[PDB]
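Structure record follows, encoded as structure tokens.
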Amino acid sequence: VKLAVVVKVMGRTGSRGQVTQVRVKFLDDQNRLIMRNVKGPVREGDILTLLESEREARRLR
Amino acid sequence: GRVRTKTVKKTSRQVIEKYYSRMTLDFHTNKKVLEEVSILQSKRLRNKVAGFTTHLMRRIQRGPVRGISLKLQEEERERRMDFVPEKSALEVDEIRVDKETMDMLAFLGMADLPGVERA
Amino acid sequence: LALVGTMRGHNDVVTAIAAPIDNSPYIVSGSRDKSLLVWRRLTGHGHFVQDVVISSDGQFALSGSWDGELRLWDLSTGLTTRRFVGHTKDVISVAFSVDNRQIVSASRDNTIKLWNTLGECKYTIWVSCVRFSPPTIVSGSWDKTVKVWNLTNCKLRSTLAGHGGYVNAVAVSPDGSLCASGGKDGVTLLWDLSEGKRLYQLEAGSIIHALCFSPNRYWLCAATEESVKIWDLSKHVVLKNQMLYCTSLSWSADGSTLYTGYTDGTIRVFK
Amino acid sequence: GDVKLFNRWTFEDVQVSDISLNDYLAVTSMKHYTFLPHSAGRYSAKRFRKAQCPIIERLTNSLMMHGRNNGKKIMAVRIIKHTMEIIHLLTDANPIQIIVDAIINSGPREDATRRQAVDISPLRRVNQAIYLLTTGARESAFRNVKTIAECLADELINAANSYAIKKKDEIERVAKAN
RNA sequence: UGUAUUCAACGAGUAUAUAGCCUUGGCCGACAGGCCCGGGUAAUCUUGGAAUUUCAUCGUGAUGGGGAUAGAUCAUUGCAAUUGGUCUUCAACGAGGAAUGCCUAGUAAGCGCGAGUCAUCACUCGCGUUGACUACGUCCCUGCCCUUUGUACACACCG
RNA sequence: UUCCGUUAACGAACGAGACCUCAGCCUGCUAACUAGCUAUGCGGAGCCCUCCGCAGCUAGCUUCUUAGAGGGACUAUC
Ligand SMILES: [K+]
Ligand SMILES: [K+]
Ligand SMILES: [Mg+2]
Ligand SMILES: [Mg+2]
Ligand SMILES: [Mg+2]
Ligand SMILES: [Mg+2]
Ligand SMILES: [Mg+2]
Ligand SMILES: [Mg+2]
Ligand SMILES: [Mg+2]
């Protein structure tokens, strides 16, 4: 339950291109920058919730 | 898409090449001049040509382009002949001679040239 | 010269600002917004109106649209008092007569037309903006020349060919004794109507939309693209989207104010 | 204010208890709140355009199923009015609040695709919640004494123990195992 | 299912023989159908042009969903029986396995109308009505195109 | 294979684009008794006002329908 704001979008990835990989920062701690993936439609400036804040990602997944 | 057919590109280039004197920046003035300075059948082709000409006037008002000619700076000649200083850029004294060139001037050349230097 | 205020009630270019001779606060702005305004709105045309004027009595408004026609309007009711149709090419400018009974119009058809306000007799003789002499008529041409006509028989009086660029409009003295031009050359030519010879020049720099003569100060205000320039008749300028150009200048009857027609509707008053 | 839902519901009482699903729901009482969820506006033109659409419009448009029900938005908004009256009269609160609570408690957070688990878009979250609620109401309404409004009302209050919450539970269970 | 509001476009329509087409209106007939007054060789006349929407009986039951199938019966079309009216009969059918097709906006989906077919009998071509979910990405599959590369293929990998 | 450019290529033919039909906007124009809008007059009901129908060989108009010439958009401005 660590709400994160989408900071940049790294293009659609995946087999069908359904998942979209983005970089986010926490609203509780702005200075921490993580990479995650999101289904559905995502634009910059949005706020996204999660459950586990420790999972990492890769560039151009 | 919005890219321009070679016909409209060409005709815009020609109308600017031969009619840069009066044609202005507004699109509607460009089209009302095009309709009588040239015969274009399709009205929307004429609109495309007028808009393209306006875009190239925006391009050219900052500097010259690679497309048009005549009055070959943009509108007036005599750009570089005026770059003639009252004294030549080439000096004649203490003119850039080194050890091996000194040995050369000891060879067939004259070692007492006016521009000889000990550098 | 200082700022009075700003206007933002227009969505396109206002091309002509006309004020009644009687100095009454019923000025008419004719715009290429397909709409007019009264400081009442007019929309009877279907194209972009260019030139507007106000009758001598000050209770009517004459405006011509780029569709190629002209209309004289009942200002109070906002309805056309009369139409004027027969300019196949788009009209460019309008003006009244010395008695404000005949209407002179210049269009894109390389010709000028005189119309009766009520009569059915019409006569004809790219002609730019025209302004009748308060009785010859001056006009701009398509070859950097300014023509002066004769009202006695609709004949050409003389031609003035000293302009390096095209002539976008003409200026006449309030007493009908001067002529002035301007254009892309940036040098405004001033001549005398009587002899029709070149008097002198003033330096501005670029296109001047409207050249307005001061009725009282005997001055000349020009809407140069670089900076609006005002001369006194010492020939010396004794006025300031990435593109910024005016469209018209209008001298007030009082003489202490002036009104500008701009591009994005920012009508500005100076005093 | 001067704008109320069916001249009956006041929008200036409903908030969202989250800072991640605010802009996607048109519940703010400054704009985007309408008289009824029926409007002939275009929302599929550009991306993220349906976020500006009112939430009630989304709820009433997601009920025109199955193929024997589409093109009948009139029944949809009538049924939403009936279920709205049921909810307000029972719970003694603003039915907009119950709708928002049900939507905000019926959105799944994570899925698993490609099999790796990863999060869900908030617009997809609200869309999935609305689709789940409508399908659950349809399931509870088929071959039963209940009418549409009654099952819709029950699923709306139960989601503020319910079909939609159990569907989200199993989806999240499948997600969290990978 | 039964009452009661009611909003479209496209097109088509005569040989006048009493009258072959569109049919208005009046009368008769439960309905199907018949007689009379007639109009339109056409923006004139047909042309005055449904789902949906208040109200109620159902009440979760293979039930008033469904009407397959049958019998009795009347009349129209046709030279000669096709269809349409009335009642009775009331089958499978309670969202459909592997597979599988169409579609991104007034679109899909739902509901009718006209024309072609025609002595009589509606699938195809258009017309309009109600009207959304998601996506706005990709080459994962199915293909298409280009560049490099390999080839013992050239009927060209079904080689 | 649309263009800009690069260029042992230069200059050209098709295809694409261009073209044509229809729809989308016009209180601008053209003009409508085989199409309409409004007022009035008459008759219908509860002077006026709500109101339905009928004329006025021009009451006026084409905003509403028809069909024509035209315009509008060209990516121009940010
Ligand atoms: K049956
Ligand atoms: K009356
Ligand atoms: Mg019914
Ligand atoms: Mg209708
Ligand atoms: Mg049944
Ligand atoms: Mg049955
Ligand atoms: Mg067939
Ligand atoms: Mg009209
Ligand atoms: Mg156009």
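Summary table below
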{"read-out": "Expected 222 nm ellipticity per residue - DSSP helices of 4 or more, -39500 (n - 2.57), all of chain D, to 500", "value": "-14500 deg cm²/dmol"}
{"read-out": "Sorted peptide list for B:86-95, B:64-73, criterion being average Cβ within 10 angstrom, highest first", "value": "B:64-73, B:86-95"}
{"read-out": "Likely footprinting exposure, C:264, D:92, D:154, fewest C-beta neighbours within 10 Å first", "value": "D:92, C:264, D:154"}
{"read-out": "Relative packing of peptides B:74-82, C:126-134 - highest average C-beta neighbours within 10 Å first", "value": "C:126-134, B:74-82"}
{"read-out": "3J(HN,Hα) from dihedral phi, segment C:7-17, Karplus parametrisation 6.51/-1.76/1.60, rounded to Hz, x for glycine, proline", "value": "10, 9, x, 10, 10, 8, 7, 8, 9, 9, 10"}
{"read-out": "Shielding by partners - mean other protein chain Cβ count within 10 Å, residues of D:122-130", "value": "3"}
{"read-out": "Entries of A:39/D:4; B:43/C:34; B:6/B:43; A:39/D:46 with Cα pairs more than 27 Å apart", "value": "A:39/D:4"}
{"read-out": "Inter-site label distance for residue B:93 and residue D:65 at 7 Å from Cα along Cβ, in nm", "value": "9.6"}
{"read-out": "Pairwise FRET efficiency - residue C:256 versus residue C:6, Cβ, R0 = 30 Å, nearest 0.05", "value": "0.95"}
{"read-out": "Reachable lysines from residue C:147, criterion Cα separation under 17 angstrom, eight or more residues apart if same chain", "value": "C:113, C:155, C:197"}
{"read-out": "Distance between modelled label sites at residue B:80 and residue B:7, nm, 7 Å Cα→Cβ extension", "value": "3.9"}
{"read-out": "Footprinting exposure proxy for D:157, C:54 (fewest neighbouring C-beta atoms within 10 Å first)", "value": "D:157, C:54"}
{"read-out": "Eligible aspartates and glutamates near residue C:229 by straight Cα distance, threshold 14 Å, same-chain separation 8 or greater", "value": "C:203"}
{"read-out": "Relative contact order [Cα under 8 Å, 6+ residues apart], segment B:27-101, whole percent", "value": "21"}
{"read-out": "Fewest-first ranking of B:32, B:18, B:6, using other Cβ atoms within 10 Å as the exposure measure", "value": "B:6, B:18, B:32"}
{"read-out": "Spin-label proximity, residue D:40 to segment D:47-80 - amide N less than 17 Å from point 7 Å beyond Cα toward beta carbon", "value": "D:71-75"}
{"read-out": "Estimated FRET transfer efficiency (residue C:155, residue C:88; beta-carbon r; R0 25 Å; 0.05)", "value": "0.60"}
{"read-out": "For segment C:38-94 and chain A, distance of Cα centres in Å", "value": "61"}
{"read-out": "At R0 = 41 Å, FRET efficiency that the Cβ-Cβ distance of residue C:192 and residue B:55 yields, to 0.05", "value": "0.40"}
{"read-out": "For segment B:51-119 and segment D:139-178, distance of Cα centres in Å", "value": "84"}
{"read-out": "Spatially proximal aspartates and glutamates relative to residue D:146 (Cα-Cα < 15 Å; intrachain offsets below 8 disregarded)", "value": "D:154, D:155"}
{"read-out": "Spin-label pair residue B:18/residue A:25, simplified geometry with 7 Å Cα→Cβ offset, distance in nm", "value": "6.0"}
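Each reported figure results from applying straightforward, stated rules to the coordinates on display, with no laboratory input. So basically every Cβ, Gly included, is an ideal-geometry build from the backbone, and we count neighbours across all protein chains shown.
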